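Colleague: Sequence first, structure after; it's an experimental one.
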Amino acid sequence: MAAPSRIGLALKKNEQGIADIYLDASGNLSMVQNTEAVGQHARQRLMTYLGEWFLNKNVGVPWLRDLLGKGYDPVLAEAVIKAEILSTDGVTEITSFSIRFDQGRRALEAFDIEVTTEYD
Amino acid sequence: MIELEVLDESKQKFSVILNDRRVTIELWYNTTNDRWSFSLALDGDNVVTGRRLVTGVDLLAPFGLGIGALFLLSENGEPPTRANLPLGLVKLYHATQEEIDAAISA
Amino acid sequence: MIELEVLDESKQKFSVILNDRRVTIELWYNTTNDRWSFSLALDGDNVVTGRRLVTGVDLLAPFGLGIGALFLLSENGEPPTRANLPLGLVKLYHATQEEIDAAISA
Amino acid sequence: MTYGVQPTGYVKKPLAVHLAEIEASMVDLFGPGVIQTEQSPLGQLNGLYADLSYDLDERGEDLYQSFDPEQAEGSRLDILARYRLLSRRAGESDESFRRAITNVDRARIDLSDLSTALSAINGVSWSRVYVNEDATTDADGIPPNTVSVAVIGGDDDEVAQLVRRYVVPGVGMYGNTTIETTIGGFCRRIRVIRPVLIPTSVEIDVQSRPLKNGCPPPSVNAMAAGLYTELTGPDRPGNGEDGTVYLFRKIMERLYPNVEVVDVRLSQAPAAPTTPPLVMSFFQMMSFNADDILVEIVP
Amino acid sequence: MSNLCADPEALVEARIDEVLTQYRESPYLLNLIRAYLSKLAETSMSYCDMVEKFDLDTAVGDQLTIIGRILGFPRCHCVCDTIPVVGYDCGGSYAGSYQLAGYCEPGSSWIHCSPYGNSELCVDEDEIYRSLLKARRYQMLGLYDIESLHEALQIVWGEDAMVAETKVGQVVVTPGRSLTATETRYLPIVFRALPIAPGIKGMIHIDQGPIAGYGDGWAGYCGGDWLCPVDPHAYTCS
Amino acid sequence: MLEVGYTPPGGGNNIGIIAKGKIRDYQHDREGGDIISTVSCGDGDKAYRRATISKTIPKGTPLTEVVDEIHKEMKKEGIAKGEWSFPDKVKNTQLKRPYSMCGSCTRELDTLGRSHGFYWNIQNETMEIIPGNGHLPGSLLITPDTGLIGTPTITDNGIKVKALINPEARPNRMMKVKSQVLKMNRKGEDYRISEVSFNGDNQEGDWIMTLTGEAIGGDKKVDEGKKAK
């Protein structure tokens, strides 16, 4: 039972840093494939706020309920990020994870996150 | 007409009621040539055996079984492969003689 | 005659024996025009579909279905609304033909 | 805006026009360098949404034809007729019921309300409406300023209660059957015609005229059965209609154009067929039997 | 009712509001969605012209034909009349057996037209078929009285029309104005649409001018004329 | 009337009639000190006893006017008319010889069924008729996202599915059943409804219903099963 093939509209960050649909050099819409598709879908999942979608209030990440506020906690942040990445279809495991916090900027930074998809 | 599901299994066997007959259809993949073959039993007797599944034609026309037509379709005539037939990129359909007649009359 | 209860649901369905026929009524709210609509099926057959609920008229008159009159009423003749129909400020009634005749003769 | 509701009807925007508009929108969005070929990711999307737009056009045409009796069908055909408060007959087809709503000629749009309400009565097999609106009696025997009704079947109470409300006070009725009616105590005597059926025996001599030696005329029974059907249909001969050679020829050639009617012969049964015309009075009608009709091919 | 629909740009943006935050500023994705949805919204707007295109006071063309077939008064009728035929009279004049048309006549018909081949004069002008339908509304309801026949005639012909006499079985009407040729040719169809009780014969004034006599509402020496009812031959050649 | 359903703190009302009762027999009971009132009711039970008809019926008469005739007497006893769908062989049959009726309506109703192979039944004071191989319009979904408990249990012909009582489930209708097991059981989705079972409680025993359905074939016909003469 090999991993099924996936495809979705590709998103590339424009000069403002905002991810948008892209047409490749040939001029036709760029579609990402098996592993890039999963990575980008995982990103689009992480970028959603819980209750934002009007047809399904159960989708999204509870950023504003759990992390954004007066409560810096690496354990809960790691749990939330890992849960949302793992629930993405096509993702098998996370092999590494680091989290740190910049008080000066009040920035919660998760980095060195290695993801293994079903395509190996 | 009715669409017949194909499982993602090299060999499989289901039963369907067509024109008030119990029909047992058994599909098996031939890897040496990369194709699907089907056997058909009417009321326990294998009347058809070892026939290739091909697109765009009535697979039962030669036999006069009285159970209508079985045929494969696809978006652009792509042949039914191991991966294509379970995924539904190529589909298996049954239609009755009555429906075939009415469609021709259309 | 009888009063037919309306739930506070934008789409609801129920069944009632009107003149000893099983009549299934489906109400659904149309937000774009802010109005309730009913489909009516007589014993599993859909006979009326997509009619608007309007006060002060017999809703089934055009069809000659033989199941009496189905009409809506309100104290000051308001039109039925998403809020006002479930609250009972507008009431759905079924009147039998004999009762209608008796009132007309009285 | 040549599309949509136009003085000639609902004009449909072609699918190709839809797809061209979508492509023109996408060229402005992505530039002249975009690829939209029918097999590309963007071309496929344009195809799907062009199909959806054309399907919306289809719904628009449906909604426009739902108000047109010539296309309306079923319960909405009944709702359209409810404008004149007409009603359908049991087992009546859409063709039949649309002819009533449209009043296809009718030869006199007046008194069509009475003609159709009459036909809507239960039991009325055949009905016909006549008028003599001059200051003189017509050759048919109707006095001046009179309305005559011929009906087969239906109870007299219902027929008369219906005719009374269509025929105004001050206008008489001509007929052979009298029905006494009462509304509010005032009694008007409604006279209608219940045509007396005279059994007619019919013998036809025909010739065969094959159109370019092709399909030959059908068998004698296949012609007598058809002629009986034609004479028993809703277009059956009316009251006061004498049986003539013309009347039967106009039916025989029409049904079977490859046949020349040479000699019609008619009689009042059981008397022997003879030379037409067979005179029927205004109260008499010809009634035919599936056996009495005979057709013979002559060399 | 009121405005059934709104501008497509309003509906499309109402839906764009429901996009996610991560896409709120994706001009290519948002504009793609706008391109795909604005076309559907625009296609559906075209329906909001199936609302007053059937208004009896302003309908034209097929919308007026549909109303006519609802009311049971078709656009064309069998008559005893040599309908003018579109064609050439060999220039100056040719003997022939037809009459010819010159780009402005209600009797628009060719040799090969089916209604013409069986004597069906067909009403082409909307301003006359509309009046005929408005009058047919009265036959519909059976409003045979004078108080209604007068409004039937006002709509068909004009403010000067009137109903003159009620003999035994015979009722006279007058437009109250000289008729144009189009109206004269369509006259036999007007008497099939007017609300006159069956069994009673409709007449017409000869000069189509207001009738004279005594009382409050008529015309005197100047403008009036002596009555003369004549048969319009609405249903017969005779 | 026995009205069952769900009344969640939000939502609304799901309560409908699952059995309309003419009391059969009641009896109180002490368990400790309690008093449990064990009711049994009647289904068309006035028609199963007091409905007797009176019929001379002549030749030539079609084969349904007298289902109306028998329903006249069954209606004297307060029975409503449901959906009647006869076999096609039945709809078109006429008569050579006259049609005795003296005695008991239900008795020769049964001989009706055994004689043209059709079903008739009374469902809450409403009488329906279907063919043996057919069913009536009206479909109902049963999935692990729509009230499915365990298996869509597979059987020779169709299935037997448990679910939460939720009132629509009537005999002689269609149920579309989905799960993660039926796919590898290759069993279809649409089934007629033949048996209905309601067991429930207000405190502990949740509302449970069990539906037995005989599978519809590709021909839109029910898998009847071999009727043994």
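Modeller: Great, that's in hand. Residues are numbered from 1 along each chain as shown, chains lettered A, B, ... in the order given.

Colleague: how about the strands in chain F?
Modeller: F:2-4, F:16-19, F:25-27, F:38-40, F:80-84, F:118-122, F:126-131, F:139-142, F:148-154, F:159-163, F:174-177, F:190-192, F:195-199, F:208-213 (DSSP state E).

Colleague: need these in JSON lines with mean neighbour count and distance to chain D, can you?
Modeller: To be clear about C-beta, it is placed using only N, CA and C from the backbone, and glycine gets the same treatment. Formatted as JSON lines, the strands of chain F follow (neighbours: other C-beta atoms under 10 Å in any protein chain shown; distance: least, C-beta to the nearest C-beta, whole Å):
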{"stretch": "strand F:2-4", "mean neighbour count": "14", "distance to chain D": "33"}
{"stretch": "strand F:16-19", "mean neighbour count": "17", "distance to chain D": "28"}
{"stretch": "strand F:25-27", "mean neighbour count": "9", "distance to chain D": "48"}
{"stretch": "strand F:38-40", "mean neighbour count": "10", "distance to chain D": "44"}
{"stretch": "strand F:80-84", "mean neighbour count": "22", "distance to chain D": "19"}
{"stretch": "strand F:118-122", "mean neighbour count": "17", "distance to chain D": "26"}
{"stretch": "strand F:126-131", "mean neighbour count": "22", "distance to chain D": "23"}
{"stretch": "strand F:139-142", "mean neighbour count": "17", "distance to chain D": "23"}
{"stretch": "strand F:148-154", "mean neighbour count": "17", "distance to chain D": "34"}
{"stretch": "strand F:159-163", "mean neighbour count": "21", "distance to chain D": "36"}
{"stretch": "strand F:174-177", "mean neighbour count": "20", "distance to chain D": "25"}
{"stretch": "strand F:190-192", "mean neighbour count": "23", "distance to chain D": "27"}
{"stretch": "strand F:195-199", "mean neighbour count": "14", "distance to chain D": "33"}
{"stretch": "strand F:208-213", "mean neighbour count": "21", "distance to chain D": "33"}
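
Colleague: These: which one's closest to chain E?
Modeller: Nearest to chain E among the strands of chain F is strand F:139-142 (27.6 Å), distances taken as C-beta to the nearest C-beta.

Colleague: just how off-centre is the closest one within its chain?
Modeller: How far strand F:139-142 lies from its chain's middle: 16 Å, per C-alpha atoms, centre = their mean, to the nearest Å.

Colleague: returning to what we had before: so which of the strands of chain F comes closest to residue D:199?
Modeller: Taking C-beta to C-beta, strand F:80-84 is the member of the strands of chain F nearest to residue D:199, at 42.8 Å.

Colleague: Run the angle between the closest one and strand F:126-131 for me.
Modeller: Between strand F:80-84 and strand F:126-131, the angle comes out at 20 degrees (axes from the mean of the first three to the mean of the last three C-alpha atoms, to 10 degrees).

Colleague: where's the residue in chain F positioned nearest to chain E relative to residue C:29, distance?
Modeller: Using C-beta to the nearest C-beta, the closest approach of chain F to chain E is made by residue F:10 at 23.7 Å. According to C-beta to C-beta, to the nearest Å, residue F:10 and residue C:29 sit 18 Å apart.

Colleague: picking up where we left off before, and the strands of chain F as CSV, adding distance to chain A?
Modeller: As requested, the strands of chain F are exported to CSV (distance: least, C-beta to the nearest C-beta, whole Å):
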stretch, distance to chain A
strand F:2-4, 29
strand F:16-19, 29
strand F:25-27, 48
strand F:38-40, 43
strand F:80-84, 36
strand F:118-122, 42
strand F:126-131, 39
strand F:139-142, 19
strand F:148-154, 20
strand F:159-163, 23
strand F:174-177, 23
strand F:190-192, 28
strand F:195-199, 32
strand F:208-213, 27
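
Colleague: before we move on, the earlier item: how about the residue of chain F closest to chain E, phi and psi?
Modeller: phi -100, psi -120 (degrees, to the nearest 10).

Colleague: now it: how far from residue C:9?
Modeller: Applying C-beta to C-beta to residue F:10 and residue C:9 gives a distance of 12 Å.

Colleague: swap in residue F:53?
Modeller: In terms of C-beta to C-beta, residue F:53 sits 43 Å off from residue C:9.

Colleague: So between the two, which is more surrounded?
Modeller: For residue F:53 versus residue C:9, neighbours defined as other C-beta atoms under 10 Å in any protein chain shown are more numerous around residue F:53 (18 against 15).

Colleague: which one is residue E:125 nearest to, not counting chain neighbours?
Modeller: Leaving aside its sequence neighbours, residue E:125 sits nearest to residue E:106 (C-beta to C-beta, 6 or more residues apart in numbering or on different chains; 5.5 Å).

Colleague: secondary structure element for the most far-flung residue of chain A relative to its centre?
Modeller: Residue farthest from the centre of chain A, counting by C-alpha atoms, centre = their mean, is residue A:26 at 28.1 Å. Using DSSP states H and E, residue A:26 is not contained in any helix or strand.

Colleague: Could I get the contacting residues of it?
Modeller: Counting by C-beta atoms under 8 Å, 6 or more residues apart in numbering or on different chains, residue A:26 touches residue D:35.

Colleague: Could you do the one 3 residues further on as well?
Modeller: With contacts taken as C-beta under 8 Å, 6+ apart, residue A:29 has the following neighbours: A:9, A:10, A:21, A:22, A:23, D:40, D:41, D:42.

Colleague: Quick check: phi and psi at the spatially most central residue of chain A.
Modeller: By C-alpha atoms, centre = their mean, chain A has its centre lying nearest to residue A:43, at 2.4 Å. Phi and psi for residue A:43, reported as degrees, to the nearest 10, are phi -60, psi -50.

Colleague: try residue D:237
Modeller: Dihedral angles (degrees, to the nearest 10) for residue D:237: phi -60, psi 140.

Colleague: contacting residues for residue 88?
Modeller: Defaulting to chain A. Counting by C-beta under 8 Å, 6+ apart, residue A:88 has contacts A:38, A:41, A:42, A:45.

Colleague: wrong one, I was asking about chain D
Modeller: Residues in contact with residue D:88, defined by C-beta under 8 Å, 6+ apart, are D:77, D:78, D:81, D:97.

Colleague: helix or strand for residue A:86, which one?
Modeller: Secondary structure assignment for residue A:86, by DSSP H and E: helix A:74-87.

Colleague: Show me what that helix is packed against.
Modeller: helix A:34-46, strand A:91-102, strand A:107-117 (3 or more C-beta pairs under 8 Å, 6 or more residues apart in numbering or on different chains; DSSP states H and E).

Colleague: Burial-wise, tell me which of those comes out on top.
Modeller: helix A:34-46 (a mean of 18; mean count of other C-beta atoms under 10 Å in any protein chain shown).

Colleague: Show me what that helix is packed up against.
Modeller: So helix A:34-46, by 3+ C-beta pairs under 8 Å, 6+ apart, packs with strand A:8-9, strand A:11-13, strand A:31-32, helix A:74-87, strand A:107-117.

Colleague: Please repeat the previous calculation with a cut-off of 6 Å.
Modeller: helix A:74-87 (3 or more C-beta pairs under 6 Å, 6 or more residues apart in numbering or on different chains; DSSP states H and E).

Colleague: who's in contact with the closest residue to residue F:209 other than its chain neighbours?
Modeller: For residue F:209, ignoring the flanking residues on the chain, the nearest one in space by C-beta to C-beta, 6+ apart is residue F:165 at 4.4 Å. Each residue near residue F:165 by C-beta atoms under 6 Å, 6 or more residues apart in numbering or on different chains is listed here: F:4, F:198, F:200, F:207, F:209.

Colleague: can I get the CA coordinates of stretch F:161-180 in CSV?
Modeller: Only the C-alpha atoms of stretch F:161-180 are listed here, as CSV (Å, rounded to 0.1, in the frame of the first residue of the first chain):
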residue,chain,number,x,y,z
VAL,F,161,-28.3,-2.0,12.1
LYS,F,162,-28.5,-0.7,15.6
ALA,F,163,-28.7,3.0,16.3
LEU,F,164,-30.1,5.7,18.6
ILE,F,165,-33.9,5.8,18.4
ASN,F,166,-34.6,8.8,16.3
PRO,F,167,-38.1,8.8,15.1
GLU,F,168,-38.3,8.5,11.3
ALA,F,169,-37.4,4.8,11.0
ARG,F,170,-40.6,3.2,9.6
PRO,F,171,-41.1,-0.2,7.9
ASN,F,172,-41.2,-0.2,4.1
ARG,F,173,-38.6,2.5,3.6
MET,F,174,-35.0,2.8,2.5
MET,F,175,-31.9,3.1,4.7
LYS,F,176,-28.5,4.1,3.4
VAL,F,177,-25.9,2.6,5.7
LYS,F,178,-22.2,3.6,5.8
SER,F,179,-19.3,2.4,8.0
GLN,F,180,-15.6,1.4,7.9
